[PDB]
Every structure is written in structure tokens, then in C-alpha cells.
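To start, the structure under review is shown below, and the notes come after it.
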Amino acid sequence: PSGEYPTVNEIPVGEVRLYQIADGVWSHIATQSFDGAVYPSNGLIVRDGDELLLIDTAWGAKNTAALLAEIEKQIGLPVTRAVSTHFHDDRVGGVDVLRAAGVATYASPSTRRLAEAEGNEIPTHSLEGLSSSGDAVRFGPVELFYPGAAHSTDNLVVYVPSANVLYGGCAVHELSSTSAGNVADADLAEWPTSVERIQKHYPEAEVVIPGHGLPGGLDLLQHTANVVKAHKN
Ligand SMILES: CC(=O)O[C@@H](C)c1cccc2c(-c3ccc(CS(N)(=O)=O)c(F)c3)c(C(=O)O)[nH]c12
Ligand SMILES: [Zn+2]
Ligand SMILES: [Zn+2]
Numbered sequence: 029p030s031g032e033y034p035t036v037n038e039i040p041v042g043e044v045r046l047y048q049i050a051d052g053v054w055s056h057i058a059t060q061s062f063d064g065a066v067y068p069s070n071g072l073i074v075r076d077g078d079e080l081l082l083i084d085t086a087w088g089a090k091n092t093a094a095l096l097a098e099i100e101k102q103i104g105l106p107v108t109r110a111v112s113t114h115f116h117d118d119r120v121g122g123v124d125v126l127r128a129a130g131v132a133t134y135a136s137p138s139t140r141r142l143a144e145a146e147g148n149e150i151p152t153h154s155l156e157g158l159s160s161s162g163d164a165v166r167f168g169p170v171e172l173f174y175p176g177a178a179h180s181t182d183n184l185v186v187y188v189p190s191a192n193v194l195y196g197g198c199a200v201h202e203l204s205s206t207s208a209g210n211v212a213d214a215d216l217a218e219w220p221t222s223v224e225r226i227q228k229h230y231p232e233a234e235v236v237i238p239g240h241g242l243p244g245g246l247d248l249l250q251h252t253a254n255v256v257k258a259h260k261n
């Protein structure tokens with residue numbers, strides 16, 4: 029009831045929340061168990077005329093089915109395309125559910141290769157034009173940007189120009205974060221440089237959404253660089 033952004037202990041595993049970020053922009057929030065602990069994660073929904081563009085799954089098949097049901101209840105427009113912003117399960121787990129619901133699924137070739145090698149679900153379509161740091165391409169109502177290696181080598185960020193919303197995905201941490209999250213596939217040395225590229229490219233961002241946790245403003249970018257430095261040590 030508070031209308032505040034929902035946190036890990038407020039979402040049972042299997043349920044999905046939506047949160048209105050701006051006109052035609054929502055985040056989606058779900059929770060999942062991994063290695064015996066429970067974590068929240070975010071994705072994005074962007075209105076695309078009378079259709080919706082989805083950014084990232086809800087971290088699992090059941091969660092992603094629940095996401096589609098929540099979208100139908102709260103928005104009532106069809107999801108026609110999805111982009112996964114890197115290869116981990118919190119981004120691609122649920123792609124098979126999307127594909128069986130008629131959603132066209134996309135990711136960079138780097139993400140597709142990494143997902144395949146890991147045994148994770150694989151988006152159908154490859155997004156070219158994103159292989160060099162600083163690259164950007166348009167995809168419906170968003171811009172996709174490859175900042176360089178950070179949380180993962182393939183991580184993409186997403187900008188919604190109509191609303192100045194920057195979806196950082198897992199390359200960006202929330203302000204309360206005290207660690208750099210799951211760093212198994214990260215490049216802690218390159219991460220600050222990749223964040224600097226995001227800061228330079230999107231200086232008018234008004235809302236910044238992390239891959240996990242609460243949205244805020246541009247301060248999330250500098251905070252992320254700071255915590256990555258601290259974790260590395
Ligand atoms: C290899 C890989 O990453 O697998 C993915 C599916 C994965 C599994 C489990 C946890 C994470 C985290 C993670 C971990 C801790 C925190 C702080 S806390 N207070 O506990 O919530 C957080 F915000 C995010 C992340 C991420 O850093 O993006 N990714 C995760
Ligand atoms: Zn990840
Ligand atoms: Zn993540």
C-alpha cells in the first residue's frame with residue numbers, strides 16, 4: 029500500500045510487481061532463490077505505441093509467466109519484443125516462456141554466445157552494432173548502449189529518451205549497496221571506466237534504475253564506481 033518501491037522481503041518468490049517510473053515506463057520487480065539466498069531483481073517495460081517492449085526477464089520461467097500475467101492485468105497491451113541485457117539467469121531465465129507467448133527475443137551476439145556456453149536460455153535474435161564500447165543503436169522507443177565490460181563483459185544499458193530514464197542493468201548498483209553484488213563474471217578493473225562512459229553519454233538522465241534494488245538519480249553511477257573499488261579490495 030505504501031506505493032514505495034518494493035523490496036526483497038515484500039515480494040514472495042513467484043510474484044511480480046510493476047512500478048510506474050514515468051509516462052509509458054515501468055520497472056518490473058521479482059525475487060528468486062540462488063545458492064540458498066533470496067534476491068530481488070529489476071527489469072523494464074516501455075510502451076511502444078499499442079505494444080510493449082520488455083527489457084529482461086523476471087529471473088525464471090515461473091516468474092516470467094507471472095510477469096506476463098501482471099502486465100496483462102495492469103497495462104493490458106501485448107509484449108511483442110524483449111531484449112536481454114546480459115547472459116545471466118536474471119536477464120535470460122524465462123526467455124523460453126517469452127518465446128512460447130509469441131514474444132520476439134533479442135540480445136547481442138556476445139550475450140547469446142555466453143548464454144549458450146553457460147547453459148542458460150538463449151534469445152532468438154542477434155543485436156548487431158553493439159560490439160565496441162561506446163556503441164549505441166535504436167530499438168523501438170529505447171536506445172541500447174554498450175559501455176564496456178563491467179558486471180559482465182556483455183552488459184548493455186538502456187535509455188528511454190522520451191522520459192530520460194537510464195536503465196543501467198547489473199552494471200549499476202543501488203545507493204544502499206555495500207558490495208558489488210555477484211561478481212563471478214565481472215571485470216572490476218574495467219568497470220569504473222565503463223561507468224564513466226555511461227555518465228558521459230547520458231548526462232541528462234533523471235531516473236537511474238539498477239539491475240537489483242531501488243531506482244534513484246545519477247548518483248547511482250558514481251556510487252557504483254565507488255563500491256566496485258571497495259569490493260575489489
Ligand atoms: C553469476 C550471476 O550474477 O548470477 C546472477 C543470476 C545472480 C545470482 C545471485 C545474486 C546476484 C546478484 C546480487 C547479489 C547480491 C546483491 C546484494 S543483496 N543485499 O543480497 O541483494 C545484489 F544486489 C545482487 C547479481 C548482480 O550483482 O547483478 N546477480 C546475481
Ligand atoms: Zn548478472
Ligand atoms: Zn544481476
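The C-terminal residue of the sequence shown carries number 261 in the authors' numbering, and the numbering is unbroken. Note that the Cβ used here is the ideal one computed from N, Cα and C, for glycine as well.
Since residue i is in the alpha helix (DSSP H), which residue starts that stretch and which ends it?
i	result
residue 125	123 to 128
residue 224	219 to 229
residue 120	117 to 120
Where does residue i fall in DSSP's three states?
i	result
residue 97	helix
residue 237	strand
residue 78	coil
residue 150	coil
residue 202	coil
residue 133	strand
residue 46	strand
residue 211	coil
Would you say the beta carbon of residue i comes nearer than 7 Å to a heavy atom of ligand 4?
i	result
residue 91	Ligand 4 is not among the ligands present in this structure, which contains only ligand 1, ligand 2 and ligand 3.
Please report the distance separating the alpha-carbon of residue i from that of residue j.
i	j	result
residue 139	residue 75	24 Å
residue 127	residue 93	11 Å
residue 102	residue 261	44 Å
residue 154	residue 120	14 Å
residue 166	residue 66	34 Å
Looking at the unbroken beta strand (DSSP E) that takes in residue i, where does it start and where does it end?
i	result
residue 56	53 to 62
residue 258	Here residue 258 belongs to no beta strand (DSSP E); instead the alpha helix (DSSP H) covers 247 to 260.
residue 111	107 to 111
Under 8 Å by Cβ, that's how I've got residue i and residue j pegged, so tell me the actual separation to the nearest angstrom.
i	j	result
residue 185	residue 208	17 Å between Cβ atoms; not a contact.
residue 79	residue 108	4 Å
residue 236	residue 50	Going by Cβ atoms, the distance from residue 236 to residue 50 rounds to 12 Å, so no, they are not a contact pair.
residue 85	residue 55	With a Cβ gap of about 13 Å, residue 85 and residue 55 do not count as contacting.
residue 179	residue 238	Not quite, the Cβ-Cβ distance comes to about 10 Å (not below 8 Å), so this is no contact.
Any heavy atom of ligand 3 within less than 5 Å of residue CB: hits in chain order: In chain order, the hits are 118, 198 and 239.
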